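Here is my_file_28.txt, consisting of compact mmCIF, C-alpha atoms and all ligand atoms:
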```txt
# COMPACT_ATOMS: atom_id res chain seq x y z
CA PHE A 18 22.54 9.35 -22.46
CA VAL A 19 25.91 7.79 -23.50
CA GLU A 20 27.48 8.80 -20.18
CA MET A 21 24.96 6.51 -18.39
CA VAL A 22 25.64 3.43 -20.53
CA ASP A 23 27.35 0.62 -18.58
CA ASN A 24 26.85 2.38 -15.21
CA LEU A 25 25.77 -0.90 -13.52
CA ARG A 26 28.03 -3.61 -12.10
CA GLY A 27 27.58 -6.74 -10.02
CA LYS A 28 28.44 -10.35 -9.31
CA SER A 29 26.18 -13.21 -10.39
CA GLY A 30 23.25 -13.58 -8.01
CA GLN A 31 24.28 -10.65 -5.82
CA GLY A 32 22.28 -7.96 -7.63
CA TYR A 33 23.12 -4.93 -9.78
CA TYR A 34 24.61 -1.80 -8.21
CA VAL A 35 25.20 1.79 -9.29
CA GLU A 36 27.70 4.32 -7.96
CA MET A 37 26.18 7.14 -5.91
CA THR A 38 27.43 10.01 -3.70
CA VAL A 39 25.89 11.17 -0.42
CA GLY A 40 26.77 14.23 1.72
CA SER A 41 29.17 17.20 1.48
CA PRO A 42 31.93 16.63 0.71
CA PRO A 43 30.58 13.70 -1.40
CA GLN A 44 30.98 10.16 -0.06
CA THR A 45 31.04 7.51 -2.80
CA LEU A 46 29.01 4.33 -2.24
CA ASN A 47 27.85 1.42 -4.43
CA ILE A 48 24.13 0.94 -4.22
CA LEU A 49 21.90 -2.00 -5.18
CA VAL A 50 19.28 -1.08 -7.77
CA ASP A 51 15.87 -2.38 -6.59
CA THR A 52 12.55 -1.77 -8.38
CA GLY A 53 10.97 -3.99 -5.67
CA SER A 54 11.28 -1.62 -2.71
CA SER A 55 11.05 2.10 -2.08
CA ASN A 56 13.65 3.19 0.52
CA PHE A 57 17.08 4.67 0.05
CA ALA A 58 19.10 3.00 2.86
CA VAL A 59 22.87 2.86 3.29
CA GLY A 60 25.28 1.14 5.65
CA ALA A 61 26.39 3.69 8.27
CA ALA A 62 28.51 1.51 10.59
CA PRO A 63 31.65 -0.66 10.14
CA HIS A 64 29.97 -4.01 9.42
CA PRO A 65 32.73 -6.48 8.49
CA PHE A 66 31.18 -7.20 5.02
CA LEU A 67 31.24 -3.52 3.99
CA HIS A 68 33.94 -1.89 1.82
CA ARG A 69 32.73 1.47 3.08
CA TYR A 70 29.79 3.19 4.77
CA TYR A 71 28.06 6.53 5.23
CA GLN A 72 29.77 8.70 7.89
CA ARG A 73 27.20 11.35 8.84
CA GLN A 74 29.76 13.15 11.07
CA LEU A 75 31.72 14.15 7.93
CA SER A 76 28.78 15.78 6.16
CA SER A 77 27.89 19.47 6.55
CA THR A 78 24.58 18.99 4.72
CA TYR A 79 23.29 16.10 6.83
CA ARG A 80 19.97 16.71 8.60
CA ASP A 81 18.63 14.40 11.29
CA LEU A 82 14.93 13.57 11.07
CA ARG A 83 15.13 12.11 14.62
CA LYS A 84 13.16 9.01 13.72
CA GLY A 85 13.92 5.30 13.57
CA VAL A 86 12.88 2.82 10.87
CA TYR A 87 12.49 -0.92 11.19
CA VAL A 88 12.34 -3.06 8.01
CA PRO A 89 11.97 -6.80 8.14
CA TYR A 90 11.48 -8.49 4.77
CA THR A 91 11.09 -12.15 3.72
CA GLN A 92 14.82 -12.95 3.54
CA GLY A 93 16.28 -10.63 6.21
CA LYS A 94 16.00 -7.26 7.92
CA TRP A 95 17.58 -3.87 8.39
CA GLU A 96 17.01 -1.14 10.90
CA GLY A 97 18.21 2.47 10.84
CA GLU A 98 17.95 6.19 11.56
CA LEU A 99 16.19 8.58 9.18
CA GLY A 100 17.81 11.74 7.79
CA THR A 101 18.21 13.81 4.63
CA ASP A 102 21.30 14.76 2.66
CA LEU A 103 22.61 15.78 -0.76
CA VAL A 104 22.70 12.85 -3.14
CA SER A 105 24.02 12.61 -6.68
CA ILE A 106 24.77 9.88 -9.25
CA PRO A 107 28.22 10.31 -10.91
CA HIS A 108 27.21 8.33 -14.04
CA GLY A 109 23.67 9.65 -14.17
CA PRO A 110 22.14 13.10 -14.76
CA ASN A 111 24.19 16.19 -13.90
CA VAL A 112 22.15 17.10 -10.77
CA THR A 113 22.19 16.94 -6.95
CA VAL A 114 19.08 16.52 -4.81
CA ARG A 115 18.17 16.47 -1.13
CA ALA A 116 16.76 13.03 -0.44
CA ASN A 117 15.68 10.89 2.50
CA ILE A 118 18.45 8.51 3.60
CA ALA A 119 18.07 5.75 6.16
CA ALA A 120 21.37 5.28 7.97
CA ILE A 121 21.57 1.51 8.51
CA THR A 122 22.67 0.77 12.07
CA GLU A 123 21.59 -2.87 12.49
CA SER A 124 20.84 -5.61 9.96
CA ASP A 125 20.49 -9.35 9.54
CA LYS A 126 21.13 -11.28 6.28
CA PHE A 127 20.96 -7.98 4.38
CA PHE A 128 24.60 -7.35 3.41
CA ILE A 129 26.27 -10.04 1.37
CA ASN A 130 29.65 -11.46 2.34
CA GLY A 131 31.91 -10.78 -0.63
CA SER A 132 29.67 -8.27 -2.43
CA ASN A 133 30.71 -4.80 -3.61
CA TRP A 134 27.64 -2.80 -2.50
CA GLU A 135 26.83 -0.95 0.73
CA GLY A 136 23.23 0.17 0.37
CA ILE A 137 19.92 -0.19 -1.45
CA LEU A 138 18.05 2.20 -3.78
CA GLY A 139 14.34 1.44 -3.75
CA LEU A 140 12.89 2.68 -7.04
CA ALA A 141 9.25 1.71 -6.43
CA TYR A 142 6.53 4.02 -5.05
CA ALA A 143 5.76 5.72 -1.73
CA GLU A 144 2.91 3.32 -0.83
CA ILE A 145 5.48 0.68 0.21
CA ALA A 146 8.08 3.06 1.66
CA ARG A 147 9.04 2.57 5.33
CA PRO A 148 7.90 3.65 7.90
CA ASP A 149 4.93 4.96 5.84
CA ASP A 150 4.07 6.72 2.57
CA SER A 151 5.12 10.20 3.77
CA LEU A 152 8.76 9.19 3.41
CA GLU A 153 9.36 10.43 -0.14
CA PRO A 154 11.29 7.82 -2.21
CA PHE A 155 14.48 8.97 -3.91
CA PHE A 156 13.12 9.02 -7.46
CA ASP A 157 10.16 11.20 -6.47
CA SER A 158 12.63 13.64 -4.87
CA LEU A 159 14.79 13.62 -8.02
CA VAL A 160 11.87 14.44 -10.33
CA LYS A 161 10.36 17.04 -7.96
CA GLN A 162 13.64 18.96 -7.57
CA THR A 163 15.05 18.83 -11.11
CA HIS A 164 13.94 18.72 -14.78
CA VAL A 165 14.69 15.01 -15.04
CA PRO A 166 11.75 13.41 -16.90
CA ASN A 167 9.67 10.99 -14.82
CA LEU A 168 11.03 7.68 -16.14
CA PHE A 169 14.04 5.40 -16.03
CA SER A 170 15.01 2.34 -18.00
CA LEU A 171 17.13 -0.73 -17.21
CA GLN A 172 19.28 -2.91 -19.46
CA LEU A 173 20.50 -5.77 -17.27
CA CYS A 174 23.10 -7.75 -19.22
CA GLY A 175 24.14 -10.65 -16.98
CA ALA A 176 27.53 -12.32 -17.65
CA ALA A 187 31.49 -13.83 -12.67
CA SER A 188 30.94 -10.10 -13.21
CA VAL A 189 27.65 -8.73 -14.50
CA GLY A 190 27.06 -5.36 -16.20
CA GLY A 191 24.20 -3.19 -17.42
CA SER A 192 22.77 0.30 -17.82
CA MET A 193 20.38 2.43 -15.82
CA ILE A 194 19.22 5.33 -18.02
CA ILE A 195 17.74 7.94 -15.71
CA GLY A 196 15.25 10.35 -17.28
CA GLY A 197 15.02 8.65 -20.64
CA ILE A 198 15.52 5.90 -23.13
CA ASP A 199 18.62 4.96 -25.10
CA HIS A 200 17.69 3.41 -28.46
CA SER A 201 21.09 1.77 -28.89
CA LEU A 202 20.21 -0.59 -25.97
CA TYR A 203 17.35 -2.36 -27.82
CA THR A 204 16.11 -3.64 -31.18
CA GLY A 205 12.59 -3.69 -32.63
CA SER A 206 9.70 -1.91 -30.96
CA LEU A 207 8.89 -1.29 -27.30
CA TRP A 208 5.58 -2.82 -26.16
CA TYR A 209 3.93 -1.29 -23.10
CA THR A 210 1.93 -2.92 -20.30
CA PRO A 211 -0.04 -0.75 -17.80
CA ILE A 212 1.22 -0.24 -14.28
CA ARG A 213 -1.90 -1.54 -12.51
CA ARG A 214 -1.28 0.32 -9.29
CA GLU A 215 1.53 2.56 -8.10
CA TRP A 216 3.09 0.66 -5.19
CA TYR A 217 5.27 -2.13 -6.50
CA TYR A 218 5.70 -1.97 -10.27
CA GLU A 219 2.56 -4.11 -10.60
CA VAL A 220 1.48 -5.57 -13.98
CA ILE A 221 -1.02 -8.17 -15.27
CA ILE A 222 -0.06 -11.45 -17.00
CA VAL A 223 -2.92 -12.63 -19.18
CA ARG A 224 -1.51 -15.82 -20.68
CA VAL A 225 1.39 -18.25 -20.30
CA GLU A 226 2.87 -20.60 -22.90
CA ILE A 227 5.65 -23.19 -22.73
CA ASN A 228 6.91 -23.99 -26.24
CA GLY A 229 3.81 -22.24 -27.65
CA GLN A 230 1.57 -24.51 -25.56
CA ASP A 231 -0.94 -22.60 -23.44
CA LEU A 232 -0.89 -23.58 -19.77
CA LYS A 233 -4.70 -23.12 -19.92
CA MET A 234 -5.09 -21.87 -16.36
CA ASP A 235 -7.57 -19.26 -15.20
CA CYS A 236 -5.44 -16.15 -15.71
CA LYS A 237 -6.19 -15.02 -12.14
CA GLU A 238 -3.73 -17.67 -10.98
CA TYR A 239 -0.90 -15.92 -12.90
CA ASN A 240 -1.39 -12.80 -10.79
CA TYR A 241 -2.32 -14.28 -7.38
CA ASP A 242 -1.92 -12.16 -5.45
CA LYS A 243 0.12 -9.80 -7.67
CA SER A 244 2.66 -9.76 -10.49
CA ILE A 245 5.59 -7.33 -10.25
CA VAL A 246 8.71 -6.33 -12.17
CA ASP A 247 11.68 -6.59 -9.82
CA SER A 248 15.37 -5.97 -10.52
CA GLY A 249 16.07 -6.95 -6.90
CA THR A 250 15.03 -10.59 -7.41
CA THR A 251 17.21 -13.07 -9.30
CA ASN A 252 14.63 -15.69 -10.31
CA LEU A 253 11.38 -15.80 -12.17
CA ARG A 254 9.07 -16.54 -9.26
CA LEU A 255 5.59 -17.94 -9.97
CA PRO A 256 2.57 -18.57 -7.73
CA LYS A 257 2.60 -22.15 -6.35
CA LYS A 258 -0.28 -23.46 -8.50
CA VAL A 259 1.26 -21.86 -11.61
CA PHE A 260 4.78 -23.03 -10.79
CA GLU A 261 3.42 -26.58 -10.44
CA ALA A 262 1.73 -26.44 -13.86
CA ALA A 263 4.79 -24.80 -15.48
CA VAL A 264 7.18 -27.46 -14.18
CA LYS A 265 4.91 -30.32 -15.33
CA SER A 266 4.93 -28.83 -18.85
CA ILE A 267 8.70 -28.07 -18.83
CA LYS A 268 9.31 -31.64 -17.50
CA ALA A 269 7.27 -33.01 -20.42
CA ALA A 270 8.93 -30.74 -23.03
CA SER A 271 12.40 -31.92 -21.95
CA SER A 272 11.76 -35.70 -21.83
CA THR A 273 15.08 -36.45 -23.61
CA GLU A 274 16.76 -36.62 -20.16
CA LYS A 275 15.68 -37.38 -16.56
CA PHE A 276 16.18 -35.08 -13.52
CA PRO A 277 15.67 -35.26 -9.70
CA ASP A 278 12.64 -33.63 -7.98
CA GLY A 279 15.03 -31.57 -5.84
CA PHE A 280 16.38 -29.89 -9.01
CA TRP A 281 12.97 -28.45 -9.96
CA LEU A 282 12.75 -27.07 -6.45
CA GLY A 283 16.15 -25.36 -6.82
CA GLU A 284 17.57 -27.70 -4.17
CA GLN A 285 20.34 -29.36 -6.21
CA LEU A 286 22.17 -28.66 -9.44
CA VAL A 287 22.37 -30.75 -12.56
CA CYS A 288 25.60 -31.00 -14.56
CA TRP A 289 26.67 -31.52 -18.17
CA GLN A 290 30.18 -32.23 -19.34
CA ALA A 291 31.42 -28.78 -20.42
CA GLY A 292 30.41 -27.56 -23.91
CA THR A 293 27.73 -30.21 -24.49
CA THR A 294 24.85 -28.40 -22.74
CA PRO A 295 21.70 -29.18 -24.77
CA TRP A 296 19.79 -25.88 -24.86
CA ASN A 297 17.54 -27.36 -27.51
CA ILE A 298 15.86 -29.90 -25.24
CA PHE A 299 14.66 -26.97 -23.09
CA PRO A 300 11.52 -25.00 -24.04
CA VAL A 301 11.02 -21.25 -24.43
CA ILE A 302 8.65 -19.56 -21.98
CA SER A 303 6.20 -16.84 -22.99
CA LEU A 304 4.34 -14.39 -20.81
CA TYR A 305 1.53 -12.44 -22.44
CA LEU A 306 1.10 -9.06 -20.80
CA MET A 307 -1.99 -6.84 -20.78
CA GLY A 308 -1.56 -4.35 -23.62
CA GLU A 309 -2.34 -0.64 -23.92
CA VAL A 310 -5.65 -1.14 -25.77
CA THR A 311 -8.85 -3.03 -24.80
CA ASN A 312 -8.62 -6.72 -25.82
CA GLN A 313 -4.98 -6.27 -26.96
CA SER A 314 -1.91 -8.03 -25.53
CA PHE A 315 1.73 -8.70 -26.46
CA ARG A 316 4.10 -11.49 -25.43
CA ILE A 317 7.62 -11.69 -24.10
CA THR A 318 9.63 -14.88 -24.65
CA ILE A 319 12.75 -16.05 -22.80
CA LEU A 320 15.16 -18.92 -23.51
CA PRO A 321 16.75 -21.58 -21.23
CA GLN A 322 19.87 -19.36 -21.39
CA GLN A 323 17.84 -17.05 -19.15
CA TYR A 324 16.29 -19.55 -16.72
CA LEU A 325 19.11 -22.11 -16.33
CA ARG A 326 21.65 -20.16 -14.28
CA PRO A 327 25.36 -21.12 -14.36
CA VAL A 328 26.81 -21.80 -10.89
CA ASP A 337 29.32 -27.27 -16.43
CA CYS A 338 26.62 -27.05 -13.79
CA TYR A 339 23.32 -25.17 -13.72
CA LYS A 340 20.64 -24.00 -11.32
CA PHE A 341 16.95 -24.03 -12.30
CA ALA A 342 16.09 -20.38 -11.72
CA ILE A 343 12.28 -20.53 -11.75
CA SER A 344 10.83 -20.95 -8.30
CA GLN A 345 7.51 -21.09 -6.48
CA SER A 346 6.15 -18.09 -4.64
CA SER A 347 3.61 -17.13 -2.04
CA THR A 348 3.85 -13.41 -2.85
CA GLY A 349 2.70 -13.69 -6.49
CA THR A 350 4.61 -13.57 -9.78
CA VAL A 351 7.99 -11.85 -9.62
CA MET A 352 9.66 -11.01 -12.89
CA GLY A 353 13.25 -10.85 -11.62
CA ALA A 354 16.60 -10.84 -13.43
CA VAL A 355 15.72 -14.09 -15.28
CA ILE A 356 13.02 -12.12 -17.13
CA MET A 357 14.69 -8.71 -17.20
CA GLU A 358 18.02 -9.92 -18.70
CA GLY A 359 16.22 -10.75 -21.95
CA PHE A 360 14.95 -7.20 -22.35
CA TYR A 361 15.36 -3.47 -22.24
CA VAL A 362 12.78 -2.41 -19.63
CA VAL A 363 11.27 1.07 -19.52
CA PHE A 364 9.72 2.20 -16.26
CA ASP A 365 7.58 4.93 -17.80
CA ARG A 366 6.32 6.49 -14.55
CA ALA A 367 4.87 9.57 -16.34
CA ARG A 368 2.45 7.36 -18.30
CA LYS A 369 1.87 4.58 -15.72
CA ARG A 370 3.24 1.87 -18.04
CA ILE A 371 6.20 -0.43 -18.38
CA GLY A 372 7.82 -1.01 -21.79
CA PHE A 373 9.61 -4.15 -22.97
CA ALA A 374 11.86 -4.46 -26.04
CA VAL A 375 14.43 -7.09 -27.05
CA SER A 376 17.73 -6.22 -25.34
CA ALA A 377 20.69 -5.48 -27.60
CA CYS A 378 22.89 -7.32 -25.05
CA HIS A 379 20.84 -10.44 -24.28
CA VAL A 380 22.42 -13.88 -24.62
CA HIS A 381 21.16 -16.04 -27.51
CA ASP A 382 22.27 -18.92 -29.70
CA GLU A 383 22.01 -19.12 -33.50
CA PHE A 384 18.64 -20.95 -33.53
CA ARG A 385 16.32 -19.27 -30.98
CA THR A 386 16.14 -15.70 -29.70
CA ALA A 387 14.36 -13.75 -26.91
CA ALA A 388 11.39 -11.89 -28.38
CA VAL A 389 8.84 -9.16 -27.78
CA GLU A 390 5.88 -9.65 -30.17
CA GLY A 391 2.39 -8.20 -30.69
CA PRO A 392 -0.36 -7.41 -31.04
CA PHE A 393 -2.51 -10.35 -29.98
CA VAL A 394 -6.24 -10.58 -29.34
CA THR A 395 -6.90 -11.48 -25.70
CA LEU A 396 -10.37 -11.22 -24.11
CA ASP A 397 -11.35 -10.67 -20.46
CA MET A 398 -7.89 -9.34 -19.51
CA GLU A 399 -9.46 -7.28 -16.71
CA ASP A 400 -10.47 -10.58 -15.06
CA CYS A 401 -6.81 -11.63 -14.77
CA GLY A 402 -6.11 -9.16 -11.96
CA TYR A 403 -6.67 -10.23 -8.35
CA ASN A 404 -8.70 -8.06 -5.92
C1 LIG B 501 8.82 -3.38 0.32
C2 LIG B 501 9.27 -4.55 1.19
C3 LIG B 501 8.14 -5.56 1.36
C4 LIG B 501 10.50 -5.27 0.61
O1 LIG B 501 11.54 -4.49 1.12
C5 LIG B 501 12.82 -4.95 0.99
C6 LIG B 501 13.72 -4.54 1.99
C7 LIG B 501 15.05 -4.93 1.92
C8 LIG B 501 15.50 -5.71 0.86
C9 LIG B 501 14.61 -6.12 -0.15
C10 LIG B 501 13.27 -5.73 -0.08
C11 LIG B 501 15.11 -7.00 -1.32
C12 LIG B 501 14.38 -8.35 -1.42
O2 LIG B 501 13.77 -8.34 -2.76
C13 LIG B 501 13.91 -7.09 -3.30
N1 LIG B 501 13.32 -6.72 -4.44
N2 LIG B 501 14.67 -6.28 -2.57
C14 LIG B 501 16.64 -7.23 -1.24
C15 LIG B 501 17.29 -7.94 -2.26
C16 LIG B 501 18.68 -8.16 -2.21
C17 LIG B 501 19.30 -8.89 -3.23
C18 LIG B 501 19.01 -8.67 -4.58
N3 LIG B 501 19.59 -9.41 -5.51
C19 LIG B 501 20.47 -10.34 -5.19
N4 LIG B 501 20.78 -10.59 -3.92
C20 LIG B 501 20.22 -9.90 -2.94
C21 LIG B 501 19.41 -7.67 -1.12
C22 LIG B 501 18.76 -6.95 -0.10
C23 LIG B 501 17.38 -6.74 -0.15
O3 LIG B 501 16.81 -6.05 0.88
```
Go through the file and emit its structure as structure tokens.
Ligand SMILES: CC(C)COc1ccc2c(c1)[C@]1(COC(N)=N1)c1cc(-c3cncnc3)ccc1O2
Amino acid sequence: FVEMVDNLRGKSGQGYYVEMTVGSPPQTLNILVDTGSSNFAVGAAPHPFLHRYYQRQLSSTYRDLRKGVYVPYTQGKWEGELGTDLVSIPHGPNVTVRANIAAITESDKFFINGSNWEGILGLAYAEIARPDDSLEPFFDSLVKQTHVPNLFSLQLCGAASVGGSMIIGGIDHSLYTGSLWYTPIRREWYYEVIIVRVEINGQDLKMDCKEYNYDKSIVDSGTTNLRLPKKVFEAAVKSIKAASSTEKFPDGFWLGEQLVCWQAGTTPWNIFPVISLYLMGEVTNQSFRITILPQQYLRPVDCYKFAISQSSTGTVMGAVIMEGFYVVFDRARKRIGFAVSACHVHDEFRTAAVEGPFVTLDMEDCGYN
């Protein structure tokens, strides 16, 4: 899998992208890697923000599905024309598949001014594909048409340029240390999981665990922050406020509405607590925990942004979580694996951790229905 190592690039806060080719002859595009959606959609018109775009008129293998698709989402929208074409991944497996491609023809707040990507690769399941679940997501097409095993894994490395690895069809042991610990994929739509317990500096938040997953918890490479349900965010901030009493901060800061600054080099990591999420384990009454540092949740913009935010769509384990870990999207076995990332950023005192097993009762009650 060495050829796939370091196949991800990006700029801080603008997502991680992978190089792809579409059409014959192949057209090279950079594509945002998104485990939080399920469409393969590429710019197909000369939007001023785009370095390049899909030109269907140059492709002999293009097939028109003669159908439109309309996709608003919480932070923008895109609209496009459905088709199929030959798609490959230069720094992925040595294969070419015929996949659905939405040719983006109108969008709002979708493309980023200054970014180096031109499209989005939705790695989640058909249930949330647009316009409906009969539009086969790319990864399903890949697995159906080749011998590529039904899993992929992500090592997101963070820092400005960011880098990482998407290992398609397997797992690269050089990207992590210790053991992988697996949590069940609750349902195949988003990559949905169940959080059974939350600690701040080893101190249990002591909330009904249903709150942690109201109305869902997902693993999402297409979200920057750790996003937490409102009630849980509130409780987490109160505890983090308390744990970091050494200094005082404005209420806007905890809402991600203004930065806070330290004279360069004297940033006090130590006054900031670690955060632990316990995830439902593979066995009845068994869990494991993942632990991140302030290096993960205080984002550099020396100034810093608080990168934990409140949510009305449930818990979202975005880049803030994923950058601590090597994450295995084991589709074949309906589970997601976490191990300590070989690239994660740590000091000489504390370190991101994946630890188990723990005894946790009533974990089935933590899921929302
Ligand atoms: C299945 C439905 C409900 C959600 O569907 C969508 C559709 C489009 C869509 C995105 C999601 C989004 C927003 O969050 C995620 N995961 N992808 C998304 C995220 C980014 C993004 C990611 N990271 C950093 N900056 C921007 C850019 C575009 C973008 O577009």
Give the answer as one residue: which of A:36, A:98, A:247, A:144 has the shortest atom-to-atom distance to ligand LIG 501 (chain B), using all atoms listed in the file?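 The closest residue to ligand LIG 501 (chain B) is A:247.
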Could I get the residue neighbourhood of ligand LIG 501 (chain B) at 8 Å, counting all atoms listed in the file, as an MDAnalysis selection string? chainID A and resid 30:33 49 51:56 88:95 127:129 137 139 145:147 217 247:251
Residues within 8 Å of (-2.0, -11.1, -22.3), counting only C-alpha atoms, listed as a PyMOL selection string: chain A and resi 221-224+304-308+313-316+393+395+398
Please determine, counting all atoms listed in the file, which residue among A:115, A:80, A:214, A:126 has the shortest atom-to-atom distance to residue 163 in chain A.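 Among the listed residues, the smallest separation from residue 163 in chain A belongs to A:115.
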I'd like the interatomic distance between CA of residue 287 in chain A and CA of residue 355 in chain A, to a tenth of an Å.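 These atoms are spaced 18.1 Å apart.
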Could you jot down the CA of residue 105 in chain A to CA of residue 45 in chain A separation for me, Å, one decimal place?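 A separation of 9.5 Å between them.
When CA of residue 66 in chain A is paired with CA of residue 130 in chain A, their separation reads 5.3 Å.
Distances from A:174, A:269, A:388, A:68 to residue 27 in chain A were compared using only C-alpha atoms, and the smallest one belongs to A:174.
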Which polymer residues have any atom within 6 Å of an atom of residue 169 in chain A, counting all atoms listed in the file, with same-chain residues fewer than 2 positions away left out, as a PDB file with C-alpha atoms, in the coordinates of the input?
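Ended up saving to around.pdb:
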```pdb
ATOM      1  CA  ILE A 194      19.220   5.330 -18.020  1.00  0.00           C
ATOM      2  CA  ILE A 195      17.740   7.940 -15.710  1.00  0.00           C
ATOM      3  CA  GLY A 196      15.250  10.350 -17.280  1.00  0.00           C
ATOM      4  CA  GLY A 197      15.020   8.650 -20.640  1.00  0.00           C
ATOM      5  CA  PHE A 364       9.720   2.200 -16.260  1.00  0.00           C
TER       6      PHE A 364
END
```
Tell me, as a VMD selection string, which residues lie within 9 Å of residue 254 in chain A, counting all atoms listed in the file; anything in the same chain fewer than 6 positions away does not count. chain A and resid 260 342 to 346 348 to 353
Need the shell around residue 79 in chain A: protein/DNA/RNA residues with any atom at most 7 Å away, counting only C-alpha atoms. Skip same-chain ones fewer than 5 positions apart. Format as a list in words?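 The filter keeps residues 40, 73, 101 and 102 of chain A.
Among the candidates A:190, A:85, A:211, A:372, the residue lying nearest to residue 24 in chain A is A:190 (atoms considered: all atoms listed in the file).
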Could you give me range 230-246 of chain A completed to N, CA and C atoms, formatted as a JSON list (two decimals), keeping the file's coordinate frame?
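Contents of the output file selection.json:
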```
[["chain", "number", "residue", "atom", "x", "y", "z"],
["A", 230, "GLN", "N", 2.69, -23.77, -26.12],
["A", 230, "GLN", "CA", 1.57, -24.51, -25.56],
["A", 230, "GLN", "C", 0.99, -23.80, -24.35],
["A", 231, "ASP", "N", -0.24, -23.32, -24.50],
["A", 231, "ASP", "CA", -0.94, -22.60, -23.44],
["A", 231, "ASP", "C", -1.05, -23.47, -22.19],
["A", 232, "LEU", "N", -0.70, -22.90, -21.04],
["A", 232, "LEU", "CA", -0.89, -23.58, -19.77],
["A", 232, "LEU", "C", -2.36, -23.83, -19.46],
["A", 233, "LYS", "N", -3.24, -23.00, -20.04],
["A", 233, "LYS", "CA", -4.70, -23.12, -19.92],
["A", 233, "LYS", "C", -5.23, -23.00, -18.49],
["A", 234, "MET", "N", -4.61, -22.14, -17.70],
["A", 234, "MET", "CA", -5.09, -21.87, -16.36],
["A", 234, "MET", "C", -5.94, -20.62, -16.39],
["A", 235, "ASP", "N", -6.87, -20.51, -15.44],
["A", 235, "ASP", "CA", -7.57, -19.26, -15.20],
["A", 235, "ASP", "C", -6.48, -18.21, -14.98],
["A", 236, "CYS", "N", -6.53, -17.12, -15.74],
["A", 236, "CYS", "CA", -5.44, -16.15, -15.71],
["A", 236, "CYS", "C", -5.31, -15.42, -14.37],
["A", 237, "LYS", "N", -6.30, -15.55, -13.50],
["A", 237, "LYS", "CA", -6.19, -15.02, -12.14],
["A", 237, "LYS", "C", -5.06, -15.66, -11.36],
["A", 238, "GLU", "N", -4.80, -16.93, -11.65],
["A", 238, "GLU", "CA", -3.73, -17.67, -10.98],
["A", 238, "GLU", "C", -2.35, -17.05, -11.27],
["A", 239, "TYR", "N", -2.18, -16.52, -12.49],
["A", 239, "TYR", "CA", -0.90, -15.92, -12.90],
["A", 239, "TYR", "C", -0.55, -14.69, -12.08],
["A", 240, "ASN", "N", -1.57, -14.03, -11.53],
["A", 240, "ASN", "CA", -1.39, -12.80, -10.79],
["A", 240, "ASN", "C", -1.91, -12.90, -9.34],
["A", 241, "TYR", "N", -1.86, -14.09, -8.75],
["A", 241, "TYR", "CA", -2.32, -14.28, -7.38],
["A", 241, "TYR", "C", -1.10, -14.27, -6.44],
["A", 242, "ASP", "N", -0.96, -13.25, -5.60],
["A", 242, "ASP", "CA", -1.92, -12.16, -5.45],
["A", 242, "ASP", "C", -1.51, -10.88, -6.18],
["A", 243, "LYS", "N", -0.34, -10.89, -6.81],
["A", 243, "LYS", "CA", 0.12, -9.80, -7.67],
["A", 243, "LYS", "C", 1.20, -10.31, -8.62],
["A", 244, "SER", "N", 1.49, -9.51, -9.65],
["A", 244, "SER", "CA", 2.66, -9.76, -10.49],
["A", 244, "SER", "C", 3.45, -8.47, -10.53],
["A", 245, "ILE", "N", 4.76, -8.54, -10.32],
["A", 245, "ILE", "CA", 5.59, -7.33, -10.25],
["A", 245, "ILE", "C", 6.86, -7.49, -11.09],
["A", 246, "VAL", "N", 7.45, -6.35, -11.46],
["A", 246, "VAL", "CA", 8.71, -6.33, -12.17],
["A", 246, "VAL", "C", 9.77, -5.89, -11.18]]
```
